[PDB]
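Engineer: Mind looking over this structure? Questions follow.
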Amino acid sequence: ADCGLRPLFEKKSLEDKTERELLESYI
Amino acid sequence: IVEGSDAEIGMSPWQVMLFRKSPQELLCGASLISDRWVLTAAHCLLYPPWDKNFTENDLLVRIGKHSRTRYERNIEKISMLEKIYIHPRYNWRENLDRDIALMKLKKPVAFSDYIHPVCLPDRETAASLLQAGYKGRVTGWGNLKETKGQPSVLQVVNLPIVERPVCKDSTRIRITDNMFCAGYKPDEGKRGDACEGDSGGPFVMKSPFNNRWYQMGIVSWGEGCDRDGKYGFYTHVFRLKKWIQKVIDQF
Amino acid sequence: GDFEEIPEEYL
Ligand SMILES: OC1C(NCCC2CCCCN2)=NCC(Cl)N1CCNCc1csc2ccc(Cl)cc12
C-alpha cells in the first residue's frame, strides 16, 4: 500500500541527486 | 558496484544485506518487499558447483544499513530467518534461469526513515518500463572492481536496459525470457556494473505514472565486472511474480 | 572479518 515511497524523499517531496536520469530515459 | 557513487541516506530503504553468522561477513544483497518478506537471488543461498547450500540458521538479514562494515546502532535492524524458499525450477546446473528466492523473517520488521519496502511490478508497469534504453538503478556493497576493493558505504549506479539481441550476442550463456541485461555499450561513454557481493540485490525503476519505486530485477550474473562488450544479467521479477505470490499466499 | 561485531543477541 505504502510500497516504493521513501520516507526521506517521496514522502517529503524531495528528489535524490540522480533519479531524474531515470525519468529522462523513459521516452 | 563498479563506477557507482555513495548512496544518499535513505535512498534505498528496501536494501537488505544478507550476512553470514560465522565467519561474520557479507554474503549477498537482497530487498525488503513487506514487513516479513525479503527477496534475493537463489544462487546466494544454493549453488552446488561451489558447495554453497545455506540453511536458515546460517544467515541473518540486516535492514536499514548504509555503512558496509559497521554496526549501525539505533538505525539498522537485524533479523533471523524463519524459512527460505527457492524457486523449484531454479537452474543452477546450466544458466541460473529463475534465479530467485524468498526469505520469511521470524518477526516482522518496524518501518522507519531507513527501512521501507519496495513495490513489485504489476503486468502493466512491467510492460511499460521494461524497454531497451530505459534506465534502472542497482545498489549494493559488492566489489568496486573485478580484481579500492570494497566500499565504505552503500553504492548506487543507474544503468540502461539493453536490447535482447545485444544481450544474447555478448555471451555464450543461453539467455532465457526470465532474464534481462543492463549496462552501457562500449561506445556510449558512461560505464558501470554490479560486481561480486551485489548479487541478490535489486534493480529498481521509478514509475513516472505514480512516482513509486518498483523492483524489476534481481542482480543475478555476469562475466567479470564492467567489461566492455559485456552486460550484467538480472532476474526478470515480473515473470516469476506468480511464484512469489503463491509462496506469500500459502506460507 | 573487517566487519564490526554485531550484538550477541542476534547470534
Ligand atoms: O555471475 C555468476 C556466474 N558467471 C559466469 C557465467 C555463468 C556461468 C554459469 C551460470 C550462469 N552464468 N557464474 C555463476 C554464478 Cl553463481 N554467478 C553469480 C555470482 N555473482 C554475480 C556477479 C559477479 S560479477 C557480476 C557482474 C554483474 C552482475 Cl549482474 C553479477 C555479477
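Chains as they are written, first to last, in UniProt numbering: chain S, 334 to 360; chain R, 364 to 510, 517 to 620; chain L, 61 to 71. Yeah, the Cβ is synthetic: ideal placement off N, Cα and C, and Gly gets one too.
1) Would you identify the three-state DSSP class for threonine 403 of chain R, choosing helix, strand or coil?
2) Would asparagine 527 of chain R be called buried (16 or more neighbouring beta carbons within 10 Å of its own) or exposed?
3) Give the interface partners of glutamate 64 of chain L over in chain R, defined as CB-CB distance under 7 Å, in chain order.
4) Return the residue from the list R:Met374, R:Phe382 and R:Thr604 that minimises the CA-CA distance to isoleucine 66 of chain L.
5) Could you run through the stretch 392 to 407 of chain R and flag, in chain order, every residue whose CB is less than 9 Å away from some CB of chain S?
6) One question on the structure: do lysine 350 of chain S and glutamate 371 of chain R come within less than 8 Å of each other, judged by their Cβ atoms?
7) At a threshold of 7 Å, does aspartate 476 of chain R count as lining ligand 1 (C-beta to nearest heavy atom)?
8) Is the separation between the beta-carbon of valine 501 of chain R and that of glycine 591 of chain R shorter than 8 Å?
9) Could you check whether the Cβ of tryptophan 413 of chain R sits closer than 8 Å to any Cβ belonging to chain S?
10) What's the gap between the Cα of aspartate 398 of chain R and the Cα of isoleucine 426 of chain R?
11) Report yes if the C-beta distance between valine 401 of chain R and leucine 468 of chain R is below 8 Å; otherwise report no.
12) Along the stretch 373 to 389 of chain R, what residues have a CB closer than 7 Å to any CB found in chain L?
13) List the residues of chain L whose Cβ lies closer than 9 Å to the Cβ of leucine 423 of chain R, in chain order.
14) Note down, in chain order, each residue of its chain lying with its Cβ closer than 7 Å to the Cβ of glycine 518 of chain R, except the 5 sequence neighbours on either side.
15) Does ligand 1 have even one heavy atom less than 7 Å from the beta-carbon of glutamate 592 of chain R?
16) Give me, in chain order, the residues of the same chain whose beta-carbon lies closer than 6 Å to that of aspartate 462 of chain R; leave out the 5 immediate sequence neighbours on both sides.
17) Just the C-alpha distance for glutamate 352 of chain S and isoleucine 360 of chain S, rounded to the nearest angstrom, thanks.
18) To the nearest angstrom, report how far apart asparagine 458 of chain R and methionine 548 of chain R are at their CA atoms.
19) Would you say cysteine 564 of chain R touches ligand 1, meaning its beta carbon is less than 7 Å from a heavy atom?
20) Please tell me whether, using a cut-off of 7 Å, the distance from the CB of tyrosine 553 of chain R to the nearest non-hydrogen atom of ligand 1 is below it.
21) Per DSSP, what are the beta-bridge partners of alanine 551 of chain R in this structure?
22) Can you tell me where the beta strand (DSSP E) holding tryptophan 590 of chain R begins and where it ends?
23) Are the CB atoms of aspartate 476 of chain R and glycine 373 of chain R nearer to each other than 8 Å?
24) For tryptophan 582 of chain R, which residues of its own chain have a beta-carbon under 8 Å away from its beta-carbon, when the five flanking residues on both sides are left out?
Structural biologist: This is what the structure holds:
1) strand
2) buried
3) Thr432, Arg433 and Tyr434
4) R:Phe382
5) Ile396 and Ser397
6) yes
7) no
8) no
9) no
10) 11 Å
11) yes
12) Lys384, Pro386, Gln387 and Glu388
13) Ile66, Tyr70 and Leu71
14) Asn506
15) yes
16) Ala404, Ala405, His406, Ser589 and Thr604
17) 15 Å
18) 10 Å
19) yes
20) no
21) R:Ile530 and R:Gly601
22) 582 to 590
23) yes
24) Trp377, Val481, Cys482, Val573, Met574, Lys575 and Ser576
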